[PDB]
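Shown here is one chain on its own, the form deposited in one PDB entry, set out as structure tokens.
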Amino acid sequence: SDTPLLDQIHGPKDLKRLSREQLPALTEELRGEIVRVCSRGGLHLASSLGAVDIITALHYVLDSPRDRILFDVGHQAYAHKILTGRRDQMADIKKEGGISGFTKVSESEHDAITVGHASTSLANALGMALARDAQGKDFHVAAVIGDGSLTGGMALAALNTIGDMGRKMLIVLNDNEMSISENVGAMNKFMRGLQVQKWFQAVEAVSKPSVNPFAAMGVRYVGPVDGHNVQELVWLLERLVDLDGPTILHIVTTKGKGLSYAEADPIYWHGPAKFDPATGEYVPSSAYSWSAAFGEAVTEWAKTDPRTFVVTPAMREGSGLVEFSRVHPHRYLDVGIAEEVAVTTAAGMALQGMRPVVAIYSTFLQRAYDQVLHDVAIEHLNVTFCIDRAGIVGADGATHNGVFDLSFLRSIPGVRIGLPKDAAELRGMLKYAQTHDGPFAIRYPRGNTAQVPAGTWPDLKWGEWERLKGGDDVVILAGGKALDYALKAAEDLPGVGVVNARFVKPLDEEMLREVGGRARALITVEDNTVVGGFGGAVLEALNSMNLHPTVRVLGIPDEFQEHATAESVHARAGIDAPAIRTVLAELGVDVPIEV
């Protein structure tokens, strides 16, 4: 066996039987284990490699699950799961029926919070410490937060409250100067100039038998220290966790520590495809994503429109903006993991005559709901939202599935919503949004679409649908990914109409009135919750027109969807092509049988 130490560790109690001098050897086994787990592709390799040493030290010193160790985001906690009885389950992590890619309360007593969205650890830790003190209990509360997650407003504000309440708790700042891209913000720049302190060999331990970046927060500050010296981290944690009041332990780590390729390019290796651990060679993504189609379109658009300015909250790579940031460096802004700041900054740009585009994932746009409503929509400002990862994202699970934007955006006055069927329609909607008054939202899924030639800029009338298949008996209304399912379902069914409902706000009132009055039954399909989304919009509009056709609303049920493939989620939610054919048969359509 390659891992003699790890073979005997089934939980933190087994870990504590090791001597402090054996801990370096254990971190090497953990790093080799994480590399093998991630070699199949699609996992958070570089972040978990960087956090191996602090996670080992935390479980050696603290007594989970009696003590609570909280991970911000949770993508860096693979070593945590390996050390808490889930080593064998790492083979199926993020697979349907397997363990989650992040810490999850229902999965283990050792997982203190369910995370995926960033910056929630500090407020959660405060709540647990206040609950502990209210109950007269005496356990440790520790939170691990990265330098990227620290840029979030809810982390900065929670720290302000944490310093005010002054309760016992430990915050480990896992500082690797990386978010997904290089980290941004003034705090990241300030901490670059902080010198590393040596405590255990013991210069700093002798000095206290030099500035606090959080001095105004009233929090004890220790560091920066070497985040990969596991014995020194143990030594420090033993001497900090029992002190009065809150403490920030600032550690410095190398993202991807232990794998040379990952250390050299921590951006790609944040989430690598299938790779060879011995060579670092990986399977390239030869596909053409919606993200790439958007990036090509907006990079092209900004060449002739000097008012276009793109803002992302820390997702330059995911939203497809790498080339844009290089071609238009003076029209690009990364606000860090602060969706709230991205939207309101764009509002200010629009007030001064710019045409800002907020690139943002559907699940992360949830963080900026009030900024869209209050800061953009009240004055009907020229902010365009290009919303990636719309609908089910799959393996990332319930914390990341963007199945709510058709509901929460639709109830905001003046926010137009479009679903492009292909890259040409995406360009048509982007062109319309950048040349018309008020806010526009354009949402598209994780996945691929065909490339279109440069200079593809069709004119479309916002709010008009397009019929794609003839038929007046039963008509399917769907856009985007749901439309692909609908066209596939009706592929061999003449008389089943299919309408590209490419606009959710406004609806095509004229076409819906005609189709709703002439059809005996309608089917709406959406990659979104059935609650208050596109189907609800159709029912509201039909009711206003006093039309009462039979309507089958297909979408994601009112339940969070666990990690699985999007195809599996959609099959069980009942919106894929076989499920639509089943509904068509229920409505009396002559659907061929399989026997």
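Numbers follow the displayed sequence, beginning with 1. Shifts are known only where both forms have a C-alpha. By rigid core we mean the largest C-alpha set that fits within 1.5 Å across both forms.
Omitted here: the form deposited in another entry. The next part is about that form.
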Original post:
Quick one: with the rigid core lined up, which of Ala454, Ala91, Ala278, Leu351 moves its CA 2 Å or more between this form and the one not shown?
Top reply: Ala278
Subject >> in that other deposited form, shift in Cα separation for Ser289 relative to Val283, 3 Å or more >> reply: closer
Original post:
Relative to what is shown, are the Cα atoms of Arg389 and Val283 closer or farther apart in that other deposited form, where the gap shifts by 3 Å or more?
Top reply: closer
Original post:
Just the runs, please: which groups of three or more residues in a row shift their CA by 2 Å or more between this form and the one not shown on the core?
Top reply: 273-287
